[PDB]
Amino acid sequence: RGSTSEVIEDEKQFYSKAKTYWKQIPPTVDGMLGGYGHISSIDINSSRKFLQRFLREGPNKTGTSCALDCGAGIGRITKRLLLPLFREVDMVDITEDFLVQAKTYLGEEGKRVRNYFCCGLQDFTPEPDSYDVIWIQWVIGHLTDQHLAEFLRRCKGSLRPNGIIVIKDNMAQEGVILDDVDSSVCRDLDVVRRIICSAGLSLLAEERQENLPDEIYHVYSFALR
């Protein structure tokens, strides 16, 4: 199947099953990464190289005052990617336990986290003209195709001048694959590009993550605005 409408028989249960899953996951890096904590540094290093280009190379350079971490969990990305590069960071996540642990996990640099929003992305509206970078990693599979498009549109309205949205996620080989355990979908490159392009966002960069374990789905980063 090629859409969520086909693989998601009950949209209400698609969301409630995912909320239930994450509510009893340990608030640790291994919990965030499904046992793949050993690739966290490899992931963060590529994300930094991918992002530093928009921040260093003009013209129309991306600012460094504020970033939003979407589906942030305990702040794995906020801690090692975003806080070293942006003056302040906002986090949003559906799981209360992760936002609470983030205060401890982030340590002293976590004092630069401005807001800990507790919300599903499908219900979340980032404030207009607020963010230089909106980072969306390993969470787009928890939204339906339509909710993802609408969320990206709301994100576009919250970007400051020259700001970007970044999506980094697993890509399926073909079509849309449903994961029954965590209640998320995996989409192929064509589906994701169509959702993005079809929602009114411009695709600026696209990069496959190298050096990942052989056994996992491929991971891609997209920069959009």
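Definition used throughout: the rigid core is the maximal C-alpha set that superposes within 1.5 Å between two forms. Start at 1 and count along the sequence shown; that's the residue number.
- Once the structures in 9 other deposited structures of this protein are superposed via the core, the pair 191-199 and 26-34 is resolved in favour of 191-199 as the more displaced stretch (C-alpha RMS).
- The stretch with the higher mean CA B factor, choosing between 108-116 and 89-97, is 108-116.
- For the pair 49-57 and 35-43, the mean B factor over Cα atoms is greater in 49-57.
- When the C-alpha B factors of 68, 171, 176, 164 are read from the deposited coordinates, the top value falls at 176.
- When the CA B factors of the chain's modelled residues are split into thirds, the value for residue 198 lands in the highest one.
- Sort the chain's modelled residues by C-alpha temperature factor and residue 22 lands in the lowest third, per the entry.
- Residue 8: CA B factor lies in the highest third for its chain, per the PDB record.
- Among the modelled residues of the chain, residue 62 sits in the highest third by CA temperature factor in this PDB entry.
- Sort the modelled residues of the chain by CA B factor and residue 126 lands in the middle third.
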